[PDB]
Amino acid sequence: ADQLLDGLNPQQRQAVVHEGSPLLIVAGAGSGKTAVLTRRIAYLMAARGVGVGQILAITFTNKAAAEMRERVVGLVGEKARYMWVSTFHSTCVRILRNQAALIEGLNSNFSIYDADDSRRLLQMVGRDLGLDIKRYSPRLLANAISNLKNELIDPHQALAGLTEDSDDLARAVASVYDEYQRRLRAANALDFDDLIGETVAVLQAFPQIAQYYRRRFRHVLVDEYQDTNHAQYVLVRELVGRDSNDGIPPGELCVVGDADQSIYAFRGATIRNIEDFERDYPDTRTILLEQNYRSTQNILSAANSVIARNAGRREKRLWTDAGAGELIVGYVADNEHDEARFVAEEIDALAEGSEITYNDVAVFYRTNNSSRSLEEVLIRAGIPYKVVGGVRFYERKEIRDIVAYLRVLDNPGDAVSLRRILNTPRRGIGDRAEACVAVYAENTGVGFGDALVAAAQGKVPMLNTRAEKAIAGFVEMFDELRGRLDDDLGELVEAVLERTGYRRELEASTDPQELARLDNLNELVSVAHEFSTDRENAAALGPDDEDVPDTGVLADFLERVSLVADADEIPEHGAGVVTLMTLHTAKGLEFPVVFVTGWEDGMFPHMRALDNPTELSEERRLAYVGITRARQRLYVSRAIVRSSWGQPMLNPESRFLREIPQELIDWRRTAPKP
DNA sequence: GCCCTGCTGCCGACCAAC
DNA sequence: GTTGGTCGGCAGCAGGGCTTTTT
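Counting starts from 1 on each chain and follows the sequence as written, independent of the entry's numbering; residues without coordinates are not shown. Working convention: letters from A go to chains and numbers from 1 go to ligands, in the order in which they are written. Only hydrogens and water are set aside; all other atoms, that is, all heavy atoms of the structure, feed into the side-chain values.

**Student:** How would you sum up the packing of aromatic side chains? Please name residues and give values.
**Tutor:** Each pair of aromatic rings taken from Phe, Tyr and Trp, with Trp reduced to its six-membered ring, is defined by centres within 6.5 Å and is described as stacked if the planes are under 30 degrees apart, edge-to-face if over 60, and tilted in the remaining cases. Enumeration over the complete set of coordinates arrives at 16 aromatic pairs. Between the aromatic rings of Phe 277 and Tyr 281, the centroid separation amounts to 4.2 Å while the plane-to-plane angle is 15°, which identifies the pairing as stacked. Think of it in three bands: with a 1.4 Å probe and only protein chains considered, a residue is buried below 20% of the maximum accessible area for its type, exposed above 50%, and partly exposed in between. Owing to a relative accessible area of 1%, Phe 277 belongs among the buried residues under this scheme. The exposure class assigned to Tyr 281 is buried, which follows from its relative accessible area of 1%. Ring centres 4.6 Å apart and planes at 20° place the aromatic pair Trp 599 and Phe 604 in the stacked group. On the basis of relative accessibility, which here comes to 9%, the residue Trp 599 falls in the buried class. Grouped by ring-pair contacts, the aromatic residues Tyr 225, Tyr 233, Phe 277 and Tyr 281 constitute a single cluster. The positively charged end of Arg 135 is found above the aromatic ring belonging to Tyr 136, 4.3 Å away from the centroid. In this scheme, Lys NZ or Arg CZ marks a charge over a ring once it lies within 6 Å of the ring centre and within 35 degrees of the ring normal. For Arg 560, the ring lying beneath its charged end belongs to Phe 557, and the centroid distance is 3.9 Å.

Have a look at this one:
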């Protein structure tokens, strides 16, 4: 354990395993590993008898956590897996299950809004107040609402901003924020910003949770601190600065990243955070590290060119020992489809012999010409194609529907699924899920919310006093709710499938897109039971796996059944299939060898950022991060002609390219005739 | 090039009162 | 006996309508 603790750079030292001394990396390479990885972090975290209730890390989406798990189990052999790096929400929920209803009346079963719920939020904000679907863009309305939640401010301030701070922009943002805050109070819905705000509130107001979070978490893992929001920095300063004995500097420090890698400001990332870190963290030990031991000298030259080429870049110089290999080879093409053809042909000629087969080599694009091009040339090549956030996945329904039924199983507070179908002209159509959903008490003298909500043919005279619009509502979920409130999960789901006949409404009925839904709910039942292969979720994959059940608290079961988002299985060595994925799915993922089809002046410089100056700097730093997160062999290409849906747009080789020396941005070594 | 998507909508018992 | 409005579904039907990115 103590035989591999010196030799090279501090880069992966203050990233992986075992040493002392405080931490603030001014990012260099992160390449050298031999004893490097072995020599800072677990020892830093455990230096003061610091355990899981005393350790916390930062993840927005836990893909970065999974990647560091992989790195540690590979080059270290296990340490990270049992150690507490999952998310804020892990500890937040595990202690809010005990002390959540004590703050703002938000019971320990506080609900959480989601991405499809976010889209329906945009729609209902546009169509709820005196607004339209696009007058004030509800997308940016919710974005500013989240920004306000991070800043932890009431809508009243920006409402009074009329003639004080603004005239209609901030006033309207505060208006929609007030409407959504009333909705939150009526619904007890939370999100990441709401969770961190509740955590801060239960620190300040509630004593023992303060002594737990603020003082126990004197050791915290921080990676890529650039995106740390002000609420996030306030929380982390609470956990570290507000030690058990105040007046001393913040607890033992573990913060890494690169501040001028701000690429997600339009996602919500803060810009500098360095001097913001330093004054509330007097223990700030900046480590100006510039060595390198596995990345190449060509990557070094590109990094040192872009470290000063980017004006909004804290010029942290870097030096590399390894030779100048893998000049960044591009490929200029006069068509995106032809570009993808050439790139896939070269990939087939170079890799699919015995190595690099199916997963990692990917192209991140924002003009969807690469979408059709790459998949089409992969199928033409005969190799499969992988798409994670490409095309044909937004205007296609039934995924919102399946997650809607899952949420209804979790919480029957879904009414847009009922709004989808409309029962009676001007009586139970577009009104019975818009008016009475508010007041199931006095909309029309409603005695029971589901009373007149029953087909008059198959009527229930016992309860037909008054209901939604005193006519209708298509009783579809009340039977499921009363079934759920009565039986155990297995017979519940089976009864929803067959007794209520809804999965029989999917299987037997065929006129709508129903059989696909039958398959989807068969998959749902498989998920609720043991169906995954060679991998088990803790001691109980499905919610009913009582072979050795753990954590009878409903929180862990609910999260492990409700966080089914995406997956990937074919291993790293099998990277040949060009994955068609967006930058917002790979926010924390790196790949060894990549072809980038179409790096050109107008696309990777964001079309939005083509005219947006702050986002122009954001995407310049995005080019920076995409370049610097590679390891040995990163390559690009150019596609001059890009035919978008509206009108085709064209670019030459990008300004970010020519910023790097043209020899460094090659286009002739690893892109020859295939 | 579907596409949300409310409007049409047209039967089908309500429901009692006639 | 005696029946027509009005309480009730899931689906046709056109009807303008649409960046890329949309935390």
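**Student:** An account of the sheet that holds strand β10 (residues 386-388) is requested, with residue identities and associated values reported.
**Tutor:** Each strand in a sheet pairs with another by means of backbone hydrogen bonds, the pair being arranged parallel or else antiparallel. Only strands that DSSP links by at least two bridges are regarded as paired with each other. A run of DSSP states H or I qualifies as a helix once it reaches four residues; a run of E qualifies as a strand once it reaches two. Both are numbered from the N-terminal end. Ordered by their spatial adjacency, three strands build an open sheet running β9-β11-β10, and the pairing between neighbours is parallel. The sheet terminates laterally at β9 (362-364) and β10, the two strands that pair on one side only. Within the sheet, the average angular offset between the axes of one strand and its neighbour, ignoring direction, is 20°. Bridge analysis of β9 against strand β11 (residues 579-581) gives three bridges, and the strand direction is parallel. Each residue of the ladder has a partner; that of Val 363, found in β11, is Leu 580. We call two residues in contact when some of their heavy atoms are within 4.5 Å. Lines fitted to C-alpha atoms define the axes here, with helix axes fitted over just the stretch in contact, and angles between the N-to-C directions of these axes take values from 0 to 180 degrees. Each of β9, β10 and β11 touches helix α15 (residues 369-381); the most contacted strand, β11, lies at about 165° to it.

**Student:** An account of the pattern of salt bridges is requested, with residue identities and associated values reported.
**Tutor:** Here, a salt bridge means any side-chain nitrogen of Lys or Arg that lies within 4 Å of a carboxyl oxygen of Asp or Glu. With the rule as written, the count across this model stands at 39 salt bridges. Here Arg 71 ties to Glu 590 by a salt bridge, and the two come within 3.4 Å at their closest N and O atoms. Separated by 519 residues along the polypeptide, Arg 71 in helix α2 (residues 63-75) and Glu 590 in the loop between β11 and β12 (593-594) bring together distant segments of the chain. Between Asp 534 and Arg 535 there is a salt bridge, and its shortest N-O distance comes to 3.9 Å. By relative accessible area, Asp 534 is classed as exposed at 72%. You can call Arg 535 partly exposed: its relative accessible area is 44%. Through salt bridges with shared partners, one network takes in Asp 6, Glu 19, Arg 39 and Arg 40.

**Student:** Please provide a residue-by-residue account of the UniProt feature "binding site: ATP" in chain A, values included.
**Tutor:** UniProt positions are given in the numbering used here, feature names are shortened, and annotations may be inferred rather than shown by experiment. The positions UniProt marks with the feature "binding site: ATP" are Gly 30, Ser 31, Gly 32, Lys 33, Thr 34, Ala 35 and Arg 294. For this annotated set, covering 265 residues, all C-alpha atoms fall within 12.9 Å of each other, a compact arrangement in space. Inspection of the secondary structure assignment puts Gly 30 in the loop between β1 (24-26) and α1 (41-45). Setting aside its immediate chain neighbours within four residues, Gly 30 contacts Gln 11, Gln 12 and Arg 294. Along the chain, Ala 35 falls in the loop between β1 and α1. Relative accessible area serves as the criterion here: at 0%, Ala 35 is assigned to the buried category. Setting aside its immediate chain neighbours within four residues, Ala 35 contacts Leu 4, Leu 5, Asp 6 and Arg 13.

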